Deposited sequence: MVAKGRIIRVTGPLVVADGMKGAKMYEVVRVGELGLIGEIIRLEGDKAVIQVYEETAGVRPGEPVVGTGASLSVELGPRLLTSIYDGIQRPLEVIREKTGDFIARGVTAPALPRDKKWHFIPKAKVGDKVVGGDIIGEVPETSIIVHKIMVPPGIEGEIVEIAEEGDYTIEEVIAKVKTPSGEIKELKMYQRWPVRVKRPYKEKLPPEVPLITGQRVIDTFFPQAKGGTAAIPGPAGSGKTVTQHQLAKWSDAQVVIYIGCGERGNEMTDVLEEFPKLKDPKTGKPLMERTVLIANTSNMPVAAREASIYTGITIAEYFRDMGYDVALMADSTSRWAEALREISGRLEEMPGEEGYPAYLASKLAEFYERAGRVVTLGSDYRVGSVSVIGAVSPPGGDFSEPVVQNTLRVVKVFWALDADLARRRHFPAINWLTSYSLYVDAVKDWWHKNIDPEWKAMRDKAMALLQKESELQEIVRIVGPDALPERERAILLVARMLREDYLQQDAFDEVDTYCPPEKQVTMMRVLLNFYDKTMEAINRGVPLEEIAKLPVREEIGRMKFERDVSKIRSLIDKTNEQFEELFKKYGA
């Protein structure tokens, strides 16, 4: 509306209800292009359009009845919104009491009052299929849970060495381009979040166009349905007001929090480094912080025990291609994970071009018990071992650069052989391949066991006089290089026995 009050200005809010999905907005949730506003401490002014259509009929299913006691977050109905997502109709935060009136199953437009609640006062509150929330106010919840369950991306280098927790905070520094774009796209479509809130575009120039024309064609690989049906986009464009681009990340995170309150895992993804806007280094630092602080996995409001999360992934691309700060350095300081895309790795044709020495995740210990309990009790021991091999490989390659390869002992040559297999057979991954576009957790640990078992057999064999050239030509080495294209994890698993057997024949052949 247009009401003015002391403190934060015209309370800038979003409409939360059905039809949000598949929608594209600007920084303050207008369907249109353009935008208009004056961001300050004091206030902000804006008029035009409706965020949610009032014309569309929604199929309402009641999930409560007259006489039920309710609190904020209680689910009182369901609406099938898209062919992917069921919209859960919740009591707005701050409302409690008895349901004295609830709609029957029928078709309704969003201004229709689908229930009434009598509060303890006796005051009668009318509930609709949508609700409103100030974007600068974090939606409430019962409890923020410590990081614990991984957001599974299906990308080996991430899930294994640099994991993201559901509710966690990630950034992707490094050069913009196909690399970043492909990784962004793999994350959005493969991560086990049900809903994606995507902020950006505006970064390229032809980008708004490609979004307008290609994004409706993209499929959700999980369902074969349009990805648009689990997505909401917020566009920050060069023509749009400074004020609104400022606000877009609050709009974004409020909409994400609303889907978490229903019990979904949501991924909030940002790719709007350049277009982010400033009216008037501590200003940037505080705004980054207030945003990232809102990520989290929570026990939601409601009378049933229920958990949802917002995981934040922010692409950070230097404004003028400038390696240095500020945007880059503060954001890396706030997030708990980053995936450093690296142009030299791209030129070595190592894809995805995630530098496994400069990336880091502070969630390894937080997610390990989940991996241990659900997938493989050796997950953490194996990641640590593979990383130590990579760390060793890097020190050796530096030494070798200076003194040459000709006086390397067999043990050191073997380390290099196996590190190379780790980099090519495991870290490298093919987003374009119909099998290797996603790697299930059970496949990740099984490929890793195959590789680490090969390493152990390699060092045992070195130890017993087998020459390294023989290990390098072992037929099984080359099936290991193809494990990633195999859909059937038991065929991958059998490489362990196959490896043991070929090494045995090498032992018989040397009397070793």
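Where C-alpha coordinates are absent, the deposited sequence of this PDB chain has the segments 1-60, 341-356.
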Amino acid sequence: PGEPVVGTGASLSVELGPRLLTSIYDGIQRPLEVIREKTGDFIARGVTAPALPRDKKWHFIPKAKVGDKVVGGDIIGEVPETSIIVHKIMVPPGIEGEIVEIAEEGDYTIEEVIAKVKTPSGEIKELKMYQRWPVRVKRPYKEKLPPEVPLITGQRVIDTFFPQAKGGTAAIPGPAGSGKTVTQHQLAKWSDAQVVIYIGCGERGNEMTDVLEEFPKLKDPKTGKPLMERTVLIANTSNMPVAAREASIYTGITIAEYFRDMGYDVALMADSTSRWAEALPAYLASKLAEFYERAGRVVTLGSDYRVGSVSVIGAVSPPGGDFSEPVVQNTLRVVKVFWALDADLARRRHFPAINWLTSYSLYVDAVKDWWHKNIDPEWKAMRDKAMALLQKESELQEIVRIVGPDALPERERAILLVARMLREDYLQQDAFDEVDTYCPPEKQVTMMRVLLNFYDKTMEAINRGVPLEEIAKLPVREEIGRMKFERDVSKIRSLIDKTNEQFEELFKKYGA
From here on, numbers count along this sequence of modelled residues.
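Higher average CA B factor: 313-321, of the stretches 339-347 and 313-321. With 294-302 and 204-212 compared on mean CA B-factor from the PDB entry, the stretch scoring higher is 204-212. Across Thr231, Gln186, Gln397, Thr109, the greatest Cα temperature factor reported in the deposited entry is at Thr109. Comparing the C-alpha B-factors of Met387, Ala407, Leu332, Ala267 in the entry, the top value falls on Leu332. In this PDB entry, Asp456 carries a Cα temperature factor that places it within the lowest third of its chain's modelled residues. When the modelled residues of the chain are ordered by C-alpha B-factor, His372 sits in the lowest third. Per the PDB record, residue ranking by Cα B-factor puts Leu32 in the highest third of the chain.
The deposited CA B-factor of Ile89 belongs to the middle third of values across its chain. Looking at the C-alpha B-factors along this chain, the one for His59 belongs to the highest third.
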